[PDB]
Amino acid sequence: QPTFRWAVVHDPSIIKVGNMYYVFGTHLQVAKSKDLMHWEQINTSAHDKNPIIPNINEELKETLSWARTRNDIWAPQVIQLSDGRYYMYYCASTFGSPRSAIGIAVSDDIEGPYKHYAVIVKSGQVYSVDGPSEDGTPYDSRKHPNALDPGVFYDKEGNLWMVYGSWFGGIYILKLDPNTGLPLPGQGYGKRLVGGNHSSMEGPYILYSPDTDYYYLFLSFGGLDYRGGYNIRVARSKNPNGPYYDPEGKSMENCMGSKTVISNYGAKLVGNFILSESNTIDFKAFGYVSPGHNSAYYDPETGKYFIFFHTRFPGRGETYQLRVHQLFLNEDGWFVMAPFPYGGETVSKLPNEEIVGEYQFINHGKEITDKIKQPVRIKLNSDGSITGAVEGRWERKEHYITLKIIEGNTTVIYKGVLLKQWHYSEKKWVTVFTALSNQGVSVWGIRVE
């Protein structure tokens, strides 16, 4: 019964306005929805006649001039501040460069037109012409962030923050004045949360959970392209400005260096996969390549959580869509992602008869890889045993599942949730599980019915 119509929105940032969900993305790709499943595209590029920011080159002359670019802005996020106006935080840049700026535009109406408000953070200063970086020292792209990818959020106390960054100096957070949206004076680039020295991370987003009273920091590791191994990582903190820690207890301030090294940190939520045993490219089969650059939302009306992200697809190169999935909290207060896109599903306790059976099983691992992971077959048996491709034991308590799986010479415990979801490709309701270990590895199970 559920149906879908996606949008084409790269780097999507969610905002709810009235009964309508909007996503704002790179190139001023904008779309909206009442149900999270059918999306109406309202803008597709930052051309001179777009209605979101008309005549953008003149309107945002300050940031675009800085970035030496035209007809484009990257990773915009709109947030409603206390005056009721809509503030679009965005960045201007060029591919591969740290010559970037974070700006703010403002509108009275969600769909615009937005006008210039402020220029707030700059990177890529060339000392002989521009002078120092924001911290008063010469810009050094190993230490200083790239002024990209703003993630703005209120904390539980009403303070306003912006987490930001992409590669280069890492991921930083600035405290903002709730009344103006501007960074409070005297912070330079702010506090470093993750990364440094050109570590492959970007798109930071922070979400508060009332259900656990933690803040969750979402990052994308790797490259966004087909061969980049883009993957979504999660850490959490009792404080909006950290330190953030992963499920193993590692501090994300220590996450920096090579791809192999940074891969050791964070809960990896999803990487590349396809639900085909046949082949790694199978256009009938559900699968993603380079899912990332996400935002997230908590809906107080229902208590559900959602992740908004773009992704590419097996065998389809750089083509991408918006996708929306539900997130759940496991018994340890960590997020686990629903295998399939959101079709209206609400978790509840399943009886045993709906749990027992053969599953396709995907282990997403811990690495940053472009490998398209495929499933193996396992069975969850009535006696609590796991058999097939892996051995172990499973148990459940309400909708919380625990899987204890033998991996080499050790048992790894995965904790997650069980529910019924809409099988996106098979078009039927099926049992699924999604679970996470303390080493930050996600597993998905999709019941063969």
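In this text, residue numbers run from 1 along the sequence as written.
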| item | value |
| --- | --- |
| Stretch exceeding the other in mean C-alpha B-factor - 131-139, 103-111 | 131-139 |
| Segment of higher mean CA temperature factor, 362-370 or 168-176 | 362-370 |
| Of the residues 149, 318, 354, 155, the one carrying the largest Cα B-factor as recorded | 354 |
| Residue with highest C-alpha B-factor in the PDB entry, from 334, 218, 95, 309 | 95 |
| CA B-factor placement of residue 416, once the chain's modelled residues are sorted into thirds | lowest |
| B-factor third for the C-alpha atom of residue 283 within its chain | highest |
| Record-listed C-alpha B factor of residue 425: chain third | highest |
| Lowest, middle or highest third - CA B-factor, residue 431 | middle |
| Third of the chain, ranked by Cα B-factor, where residue 185 sits | highest |
